[PDB]
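Asks: A structural model of the following input is requested.
(9 chains)
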Amino acid sequence: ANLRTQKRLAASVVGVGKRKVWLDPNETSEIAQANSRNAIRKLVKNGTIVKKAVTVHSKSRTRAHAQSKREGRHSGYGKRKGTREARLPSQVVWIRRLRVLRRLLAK
Amino acid sequence: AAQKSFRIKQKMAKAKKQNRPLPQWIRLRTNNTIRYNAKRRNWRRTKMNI
Amino acid sequence: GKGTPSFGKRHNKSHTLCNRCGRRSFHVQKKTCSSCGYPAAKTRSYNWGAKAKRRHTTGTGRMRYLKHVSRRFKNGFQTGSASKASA
RNA sequence: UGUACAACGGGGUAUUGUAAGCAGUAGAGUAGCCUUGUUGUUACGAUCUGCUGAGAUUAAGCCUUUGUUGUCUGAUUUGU
RNA sequence: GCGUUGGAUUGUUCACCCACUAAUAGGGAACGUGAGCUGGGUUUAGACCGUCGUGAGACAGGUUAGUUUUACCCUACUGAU
RNA sequence: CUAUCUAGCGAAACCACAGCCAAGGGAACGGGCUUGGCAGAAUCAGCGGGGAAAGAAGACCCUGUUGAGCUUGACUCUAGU
RNA sequence: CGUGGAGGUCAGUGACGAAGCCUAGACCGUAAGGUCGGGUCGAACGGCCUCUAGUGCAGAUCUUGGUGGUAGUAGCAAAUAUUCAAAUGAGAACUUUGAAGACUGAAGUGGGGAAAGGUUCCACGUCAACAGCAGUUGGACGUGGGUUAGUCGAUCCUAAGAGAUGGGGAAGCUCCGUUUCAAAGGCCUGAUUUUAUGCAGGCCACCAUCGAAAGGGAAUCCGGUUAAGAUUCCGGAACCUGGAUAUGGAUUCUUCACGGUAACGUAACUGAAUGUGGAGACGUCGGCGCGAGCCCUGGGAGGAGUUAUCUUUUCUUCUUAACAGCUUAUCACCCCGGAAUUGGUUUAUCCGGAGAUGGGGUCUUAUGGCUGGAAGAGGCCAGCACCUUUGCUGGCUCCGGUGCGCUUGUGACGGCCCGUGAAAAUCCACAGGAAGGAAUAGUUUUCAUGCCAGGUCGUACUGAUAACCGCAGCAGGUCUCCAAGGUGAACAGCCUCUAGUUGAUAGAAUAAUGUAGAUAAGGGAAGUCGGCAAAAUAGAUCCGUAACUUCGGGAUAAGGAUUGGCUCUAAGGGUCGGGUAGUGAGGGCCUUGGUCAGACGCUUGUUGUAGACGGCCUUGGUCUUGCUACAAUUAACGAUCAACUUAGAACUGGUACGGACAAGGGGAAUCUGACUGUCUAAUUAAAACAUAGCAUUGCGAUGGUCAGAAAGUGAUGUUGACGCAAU
RNA sequence: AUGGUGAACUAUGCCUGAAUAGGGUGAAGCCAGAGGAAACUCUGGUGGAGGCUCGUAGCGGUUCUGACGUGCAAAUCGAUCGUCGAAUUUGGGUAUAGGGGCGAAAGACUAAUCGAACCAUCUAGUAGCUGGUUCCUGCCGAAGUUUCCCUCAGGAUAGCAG
RNA sequence: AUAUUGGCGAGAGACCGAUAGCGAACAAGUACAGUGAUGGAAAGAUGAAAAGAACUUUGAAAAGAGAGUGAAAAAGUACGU
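Replies: Numbers count the residues shown, from 1 in each chain, chains lettered A, B, ... in the order given. There you are, the coordinates:
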């Protein structure tokens, strides 16, 4: 049975794309009978079409990696590919230096 | 072209009506020499040019 | 590229349907149909083109008035109604 | 139906370069604390050492093998 | 019968030198060999300089930049049934 | 990855007829003419000598009482002044 | 000899069978050809005497059509990709589903559109044809369905420009101009009560029309719903325009308002012709401030993942619209005050007696905050059972933090010019004072509320290595908005999350020769016309840098030293606090009593529950202070917070450290064009053209240069010698 | 030659909008400091200019004279390239047209065509120049020579022949 | 009294017979190509009458073999010869 239409319809009613809709083949006999959104909608609540929860993109290395940089690691000459102004412009360092001098004198 | 004009659409509506094969009764008419729709138009092989 | 790569840069329309003959010869910028002429008060037909004239002379349409003119003169332009002869 | 053959496994040869895991008063040191020290330990700590001159691979065109399992008659054609 | 080279200059045929070596002999095969290669030169079109012409233009003149295509046939040859 | 073999699909270029050589003459460097050499099916993958191979009734030279572009104290006119 | 037709003739042949075609069967003629036999086949044809002509075939790179060998050959090899099982089906490397493995890596192989296409959109059934393999699959075939607008656009305005009148040319098709040698129009008050709308005056003069669905433009969003529609449909909630009528409020015998010194405010708070002003209306670049979306992240409330060992662990939901009330900023302005001992002040030095700093206020309301819309909406979860049509009960949907972060918007600025960087429709306001008006009520419909209507046209889909154009489903071309995580300067390369594909013939060995990547011991350009192709350095930090010059450059010149990991050191900020004793509020006043809104909530009453434990007063132990005192100050301190940047020190690694990607060969000169730039789109990118500079020439408009067939025509010219035109 | 069509490609102008990561260098102007008697000169910060520069998106294309060259392609693909906030790139509207437009010129572009467009008619244009020129048999059967011609890849005259 | 390939209505031929005759004997100025002015074809004859194939069998079907119709399907719609 051609189930392309049902996969399309199941994507829209649930909301997720076609890569997260699961239409089992063991009971595919009645899946092709669903030719409407209401028919597909009741196929979701009973448990026929699971949501195929999102693939993990765990940023656990990055949190540890950024933790290392915050400690003072990976801050050598071989870890840099741009000039000292691309990384931190001297204008910002000067602006950060004036605005604290201006307010300190004002304070 | 999405944002069309009625003059263009009235021509396309004419094309849709004439985009059909012969009804079978035609071939059974007395002294009939017609066997195919020589005016068939499709959107791939030929263009209407409006 | 003067060939195939330059044939994909054409998506505009120079001519459009002529409101008088519907042959898509109505130049947009020039506002003059190139087949009959519009909104000129005369249909262009040159003697150096004879096939083109033969395509638009009397007989290529319906003759909504002249198919009856020969018949109307065929009797003498009578008016009124008809009589009852027999049967 | 043969100290036949084949697939695995074993041994040898070789490439490689010393693993997984545990342990270590090894470790530049960093700080908490408590009986506050004449190694105080807890947590982290690139790395190092001990089993590991190991581990992995080793035939696809390396060698040998009594071990385990398995195979041994399908089709076609041929004469003075 | 066998062997007759490596380089500087030049597109170079040619030629002149450096050097080795036994020796650096001459040549033909559609001035062998571009559906083997290169395009350095001469040879379309761009452009510069000199002479000539009133001019458009001309010069074995000098210089720079200038797409080079196909064998899936037969024979011949190289291997195989 | 192709080329190779296999399952499916499946053209074109080109074609007087075809395709082994030496020598001779010949329109004076033909596969077929002559004289000799030789010659045994069916073929397969490469190859590039050849078929003066293919692509276009040579863009070079000349003829034509054939043109075109350009130039000028060529001839004859001419819009403008 | 033969071919198409015509006159005559043979009363010629013929469906028990003409013509035509086939026939290594026969006969006649040297030959052109003629006759017969057989097979095929079904409607006309032949001999002879003459006439007539579109009358004969091998080729003219002859016209049209068809078929060959080549040949079952060339080939169906770019875009890093496929595999297993089941289902359907006579028929699965390709259809569907499930399970893996990958890719595009968010300047998509993702979401929407402009032009273009025109039903390709969706459903059913189906494979003769197309999808250069196949196919029960399709952008294919047959039949049907689908596009809902007062707010989105077209509609309207005008730009560059087109063009109709009046006119002038032209034999003329038509050409010039379009406000110019045109007496070119409607319009409010009054008349009213045959005036229907004429008429008597005040009047203004613009002066066809078209022309930009990314130029200006009146007004709306959210939730949900189809097989295919939506800012259009359902529900809820808005605003604008045209019109009619009242209700409510303000105004008034100071008849057409008050307050504030003022900037100005208060929902309303008369008003014509005419004139004026504002908006529409607007260059580019650079930095800074602020806002939104996204990114990062803490607490808590749930779900999913791992769990040989460890991880208060990983991922995921926690959201709020158009519209409305209150409130909120730079800039700017106003009142007092008066300045040198000059002071405020931006990252970027402008401002101040034409009046600062300071104190106090006004204003635009982008934006933002609370509330209504609106939590009854959406989202994440637990139980109920319904072959079903489906729902009910339910919980949460919360409190934060930082930043040179990316996209974008906006504000005050600064730089640039022999470029200073659009028009109109439309809307509003001011000066003016015409006209009318009081309270026995007349206005007020640019105050609040109420009533009605918003016509026509488009809305489906693609928008691209299959929907557009390139004869095709052809590696080509085609305008634009959104765009995450990590390394990294980075929208660079590389890997991944959301989303989407897994698609472009396949199977086996995998010969040469190839195309695309590569590696080579020693020498090294000896090769070649020419180091052409490859190669080397190539990121970042520190040191160092010549000849010459137009002094700006050459110059990251040339040439040297480091780069990983762990543990540390130092430096670079924000926000709060400058006392003790009596006193007043401890405007939290919790606490003990209740007084009585102490009530809902857990159909009158039974009598049962809390009073929301809260307005209202306390005898109170209940970390901000005005007064005095010690003497109040220095040293400056103490508490919280979250960023990266830079430098340095030890240790450590078979001395490896821009470890993958990423990424300058350099120098002495010579010829020539000054440089940036441009051209032979399909063989020449150049010393060629162009450019600034220099010089010359013509021209004072009854003109200089140029156009037209004329013109009452034009381009320079919306111009003037520092200009135009020709070099 | 006559009469018509074409700037949807490209050539130029105008009107209207749209697009251009990240670094290097460092000008005025300004501030502070130092020197000196003055004139004024040096040091350290900002500052962002600059038809500058390295380099993506984009526009062209230099070289390999690579690939292909009966191709994916009537000129494309890969690497190596010049430039990249401006005499930048481009959409839409508009204007300029055939011996005429437009040209930072190359006789370049003018919708695969241009030192001179496309279409139709005159037109079956003319050619001393190539090619072809369609059945049998019988009989006879030559010439490349004279003269003239802007004549010598041609005619006329005479000749040969029926 | 003269001309008249246009329009209507007719009569004819030593004309052509559908690669000829008008481009078109046919859904012909039609399909189609070009942005455009314009260019522009191919296509007649199953049989007297569809009587154009009931039904059997094989195959998934398309179809085949029979049967049958029809003088004749060596007339079965891709149909005179």
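Asks: quick one, strands of chain C?
Replies: Per DSSP state E, chain C carries strands over the ranges C:15-16, C:26-27.
Asks: could you confirm whether the first one reaches RNA strand I?
Replies: Yes. Under the criterion of Cβ under 7 Å from any atom of the strand, RNA strand I is reached by strand C:15-16 at residue C:15. In this view, the C-beta of every residue, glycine as well, is placed from N, C-alpha and C.
Asks: repeat for the last one
Replies: No. Contact between strand C:26-27 and RNA strand I is absent, the nearest approach being 7.8 Å (criterion: Cβ under 7 Å from any atom of the strand).
Asks: return the distance of the helix or strand where residue A:102 lies from the chain's centre.
Replies: If you go by DSSP states H and E, residue A:102 is part of helix A:90-106. Distance of helix A:90-106 from the chain centroid (Cα atoms, centre = their mean, to the nearest Å) equals 38 Å.
Asks: go on, stretch A:47-57?
Replies: When distances are taken as Cα atoms, centre = their mean, stretch A:47-57 is centred 15 Å away from the chain's centroid.
Asks: same check, this time on stretch A:53-73
Replies: Distance, stretch centre to chain centre, for stretch A:53-73: 14 Å (Cα atoms, centre = their mean).
Asks: interface residues of chain C facing RNA strand G?
Replies: Selection of chain C residues close to RNA strand G by Cβ under 7 Å from any atom of the strand yields C:1-13, C:31, C:40-42.
Asks: and RNA strand H, which of these contact it?
Replies: Restricting the residues of chain C next to RNA strand G to those near RNA strand H by Cβ under 7 Å from any atom of the strand leaves C:1-7, C:9-13.
Asks: just give me the neighbour total for residue A:21.
Replies: If you count neighbours by other Cβ atoms under 10 Å in any protein chain shown, residue A:21 ends up with 22.
Asks: for it, phi and psi?
Replies: phi -100, psi 130 (degrees, to the nearest 10).
Asks: isn't it up against residue A:44?
Replies: No. Applying Cβ atoms under 8 Å as the test, residue A:21 and residue A:44 come out as separate, 9.5 Å apart.
Asks: distance check, residue A:38 against residue A:17.
Replies: Here residue A:38 is placed at a distance of 21 Å from residue A:17 (Cβ to Cβ, to the nearest Å).
Asks: same deal with residue C:78?
Replies: Using Cβ to Cβ, residue C:78 is found at 80 Å from residue A:17.
Asks: which residues touch residue 14?
Replies: You didn't say which chain, so I picked chain A. By Cβ atoms under 8 Å, 6 or more residues apart in numbering or on different chains, residue A:14 lies in contact with A:20-21, A:44, A:49, A:51.
Asks: could you do chain C instead?
Replies: Contact analysis of residue C:14 by Cβ under 8 Å, 6+ apart lists C:27-29.
Asks: nearest to residue B:17, out of the residues you listed: which one, please.
Replies: Sorting these by how near they are to residue B:17, with Cβ to Cβ, puts residue C:28 at the top with 28.6 Å.
Asks: I'd like to know how far residue A:3 sits from residue B:25.
Replies: In this view, residue A:3 and residue B:25 are 40 Å apart by Cβ to Cβ.
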